[PDB]
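A short worksheet on the structure shown next.
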Amino acid sequence: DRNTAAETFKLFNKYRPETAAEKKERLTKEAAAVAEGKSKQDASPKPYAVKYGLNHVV
Amino acid sequence: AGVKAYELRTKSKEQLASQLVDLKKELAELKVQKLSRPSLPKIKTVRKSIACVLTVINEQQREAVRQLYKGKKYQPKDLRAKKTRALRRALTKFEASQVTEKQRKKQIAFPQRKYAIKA
Amino acid sequence: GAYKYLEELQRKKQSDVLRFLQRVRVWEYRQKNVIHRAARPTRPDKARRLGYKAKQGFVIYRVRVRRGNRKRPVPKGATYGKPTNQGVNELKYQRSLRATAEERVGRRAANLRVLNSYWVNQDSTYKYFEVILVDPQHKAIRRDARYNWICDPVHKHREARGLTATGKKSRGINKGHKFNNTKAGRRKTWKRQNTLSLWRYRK
Amino acid sequence: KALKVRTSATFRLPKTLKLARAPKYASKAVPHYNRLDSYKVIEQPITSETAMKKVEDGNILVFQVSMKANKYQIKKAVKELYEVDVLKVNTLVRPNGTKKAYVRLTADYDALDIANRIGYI
Amino acid sequence: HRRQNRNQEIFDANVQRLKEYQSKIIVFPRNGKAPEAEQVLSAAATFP
RNA sequence: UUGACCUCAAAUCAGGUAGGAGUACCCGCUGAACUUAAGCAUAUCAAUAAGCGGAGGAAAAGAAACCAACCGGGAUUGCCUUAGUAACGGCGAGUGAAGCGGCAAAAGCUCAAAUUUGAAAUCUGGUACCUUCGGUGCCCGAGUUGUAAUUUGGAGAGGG
RNA sequence: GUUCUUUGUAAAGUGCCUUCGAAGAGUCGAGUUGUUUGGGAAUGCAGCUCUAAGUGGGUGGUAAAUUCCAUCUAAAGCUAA
């Protein structure tokens with residue numbers, strides 16, 4: 001239904017995979033975390049975004 | 001002896017262009033008097049002078065064209081070296097020498113060693 | 001692991017689910033040209049295992065090959081020979097329709113190289129195939145040395161010389177005593193075994 | 001949910017934009033020099049006995065012109081070298097592999113003093 | 001990589017054929033030096 | 001009305017490629033008859049010559065859905081032998097191969113089918129620079145209907 | 001042989017225990033027709049019809065049924081002498 005589809009994608013809008021804009025900006029801090037804290041890829045918060053790929057979702 | 005080869009190399013671009021009409025006119029004069037008497041071997045020695053000046057213009061004019069395209073790709077086709085059709089096609093040395101990730105890892109890890117028998 | 005499903009599902013060609021698609025597909029292909037651009041591989045599982053990589057440079061064409069036998073081009077049926085080879089209408093040709101599919105497609109686009117082919121559909125009059133081709137002059141295939149061999153000049157018009165999967169099968173080159181007439185080339189083995197080798201010193 | 005009205009019963013390609021040319025390099029680098037200049041058109045005047053007597057009466061000059069040249073390219077090359085205008089040009093192909101051209105200058109000049117000043121008379 | 005062994009004395013001969021071989025060869029280090037070793041043209045000739 | 005997806009197109013759009021020639025060797029397709037049978041219809045000539053498509057300095061084949069049954073061997077190719085042999089054949093004329101053995105040369109391998117999913121890490125193109133058969137920076141695009149890494153069966157993958 | 005980087009917290013190989021281990025479909029194969037083969041109740045190929053399987057499939061070249069054994073993995077691809 002129109003209502004269900006709108007509600008479904010509205011939840012999707014709150015969970016988006018990272019684009020090149022944020023993908024570039026993190027690696028500065030991630031390298032900074034590597035340079036300063038030497039963190040094992042745990043400085044950034046856990047991802048909760050939607051998934052993609054037919055061979056992946058299956 | 002007509003004209004020489006390297007003397008007019010130092011000549012400017014405009015001066016060489018005016019040199020043709022100087023040679024070109026006197027050819028029109030040598031034709032006029034060649035019919036008058038059945039001997040004129042001097043026409044050959046300077047008809048090879050008009051060709052020499054024409055050749056020097058091109059070698060100087062192509063150099064300026066070539067210098068314009070230095071540094072950048074996609075130079076004019078005739079400036080590109082001829083080779084043969086097959087050599088111009090196929091793989092460049094970078095393309096042929098490229099190796100995949102997995103095979104390269106094997107190569108450094110396990111090269112072919114040298115050995116012999118002494119005892 | 002979403003590729004094991006398309007394989008096994010496609011193996012049940014006579015199933016009711018497939019029977020609906022094939023009748024729809026055959027109509028779609030018929031209304032198009034004999035040879036045309038296949039924008040997307042209809043069988044990603046088959047192409048992926050045949051060497052196709054869904055990346056920049058690979059293109060697909062769809063071809064309809066006429067179905068039947070090879071009637072001799074002799075005029076009015078006359079053969080002008082012994083009463084042995086007097087038959088015209090009942091000769092079967094020596095290469096599969098798959099080989100002709102590559103020939104008619106690999107010749108239309110000479111700038112490409114034929115990699116493989118597979119069966120997609122068929123009907124009473126035609127046999128449909130989709131041919132996977134590679135471009136060796138594209139910089140993507142020029143690099144990525146996994147597929148550099150297609151750029152070598154020795155692979156020029158592979159299907160014309162029967163070097164593809166169907167080519168190696170149509171001429172029957174395989175290991176085993178079942179293949180002795182054609183094991184290293186039918187003509188080469190004949191010439192090697194039918195010849196007089198005379199040494200300097202006649203033993 | 002809307003369809004454009006179609007006055008015609010046939011379909012045609014809409015006229016798209018024909019993009020211009022913008023090559024990354026010149027076609028043949030330096031352009032070729034003038035293949036037929038004012039001087040290669042006129043190679044050598046004809047000095048035969050029958051041609052010579054046409055100079056004095058009709059004021060007509062005779063040259064062994066280039067084959068590729070035409071009366072448009074003859075009427076201009078001669079007037080740039082000898083600074084004389086041309087009333088008309090008549091041109092025939094000689095049976096020996098060359099081309100002949102009769103150039104009749106206007107009445108303001110005569111060919112006698114023009115033929116000898118270039119050398120042939 | 002496509003043949004299997006089913007005899008002990010054939011396995012013993014091949015195992016003995018490798019132990020003796022490794023003790024009669026020198027492997028040139030990757031670092032350097034490794035002077036000339038007067039190569040032998042045939043390997044099977046030295047081991048009949 | 002606006003903005004995306006898929007398919008089909010247009011240009012003297014940017015960059016490329018193919019046609020022909022030679023064919024002596026090589027890869028296939030197609031393909032006779034004279035002749036032999038002291039006639040002639042199967043047969044032989046011949047899976048030849050002519051005709052057609054396709055490449056290289058070599059081509060092809062090539063790491064077994066192999067040969068063997070032996071105390072088994074072990075990619076392919078070529079020579080001697082097997083062998084005028086098994087077998088085929090109006091069982092007539094005629095045709096007629098392979099294993100093993102010795103030698104020459106010796107070389108291996110690679111994909112698909114596995115979620116990297118706390119990271120599309122992949123690629124072309126354009127632009128700018130340069131220690132310019134290439135590398136770096138930036139930006140439109142291909143791409144998850146799948147691109148890199150990881151394994152291809154001799155194995156190998158996930159954990160300790 | 002001499003030379004400047006040391007590319008790297010990156011990559012590769014070895015023992016032990018457990019759990020898995022994906023491997024190619026109008027294809028394999030069968031009938032029939034034609035051709036070829038030395039291939040003989042069918043050597044290979046091709047056309048049409050039928051058309052799968054998983055401790056499965058092919059082969060073990062006189063057919064067939066029942067029951068064992070040996071052998072390798074097809075229907076994808078590259079490679080000099």
query = Can you list the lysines whose alpha carbon sits under 27 Å from that of B:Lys106, skipping same-chain ones fewer than 8 residues off?
reply = B:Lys93, B:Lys114, C:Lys53, C:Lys55, C:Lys139, E:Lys19, E:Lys33
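Could you work out the helix-only [θ] at 222 nm for chain C, with each DSSP H run of four or more residues adding -39,500 (n - 2.57) and the total divided by the number of residues, to the nearest 500 deg cm²/dmol? Each step should come with its number before you reach the end.
Values: 7 runs with 58 residues, N = 203.
Dividing the helical sum by the residues of chain C leaves -8000 deg cm²/dmol.
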note = For chain C, the longest principal axis of the Cα atoms and the Cα long axis of helix C:16-30 enclose an angle in degrees, to the nearest 10, of 80
inquiry  = Just to confirm the number: angle between the C-alpha axis of helix D:71-81 and the first principal axis of chain D, 0 to 90 degrees, nearest 10?
reply    = 60
ask   = If each Cα of segment B:6-47 is one equal point scatterer, what is log10 of I(q)/I(0) from the Debye formula at q = 0.19 Å⁻¹?
value = -0.65
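Let me have the 222 nm mean residue ellipticity of chain D computed from DSSP H runs of 4+ only, each contributing -39500 (n - 2.57), with the sum over all residues rounded to the nearest 500. Don't skip to the answer; put the middle values down first.
Working: 3 runs with 28 residues, N = 121.
The helix contribution divided over chain D gives -6500 deg cm²/dmol.
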message = Could you identify which residue out of C:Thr164, C:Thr125, C:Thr79 has the top mean-square fluctuation in a GNM of chain C using Cα springs shorter than 10 Å?
response = C:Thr79
key: Farthest positive-ward along chain D dipole, Cα basis, beta-carbon charges - from D:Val5, D:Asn116, D:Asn70   = D:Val5
ask   = What order do you get for C:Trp119, C:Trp149, C:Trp199 when you list them from fewest to most C-beta neighbours inside 10 Å?
value = C:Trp199, C:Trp149, C:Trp119
ask   = Taking the Cα centre of each part, how many Å lie between segment B:20-71 and segment D:1-80?
value = 24
ask   = What is the Cα centroid distance between segment C:30-102 and segment E:1-42, reported in whole angstrom?
value = 55
query = By average Cβ neighbour count within 10 Å, what is the ranking of A:45-52, C:62-69, B:88-95 from highest down?
reply = C:62-69, B:88-95, A:45-52
inquiry  = With 23 Å as the cut-off, how large is the P(r) tail for chain B, expressed as percent of Cα-Cα pairs?
reply    = 64
task = Starting from the Kirkwood radius over alpha-carbon pairs of chain A, derive D by Stokes-Einstein at 20 °C in a medium of 1.002 mPa s and give it in µm² s⁻¹.
result = 153
query = Which residue, C:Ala47, C:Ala109, C:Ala101, tops the fluctuation ranking in a GNM of chain C built on C-alpha contacts under 10 Å?
reply = C:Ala109
note = For chain E, the longest principal axis of the Cα atoms and the Cα long axis of helix E:8-22 enclose an angle in degrees, to the nearest 10, of 0
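Quote the charge dipole size of chain D about the Cα centre in Debye, to the nearest 20; the model charges only the Cβ of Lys and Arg (+1) and of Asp and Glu (-1).
Details: 24 positive and 11 negative charges, 403 e Å.
So the magnitude is around 1940 debye.
Mean residue ellipticity at 222 nm from the helices of chain A, using -39,500 (n - 2.57) per DSSP H segment of n ≥ 4 over the full residue count, to the nearest 500 deg cm²/dmol? Mind showing how you got there, number by number?
Values: 3 runs with 29 residues, N = 58.
So the calculated ellipticity at 222 nm is -14500 deg cm²/dmol.
Positions of Cβ are backbone-derived with ideal geometry, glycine not excepted, and every protein chain shown enters the neighbour counts. FYI, it's all coordinate maths here, none of it is from the lab.
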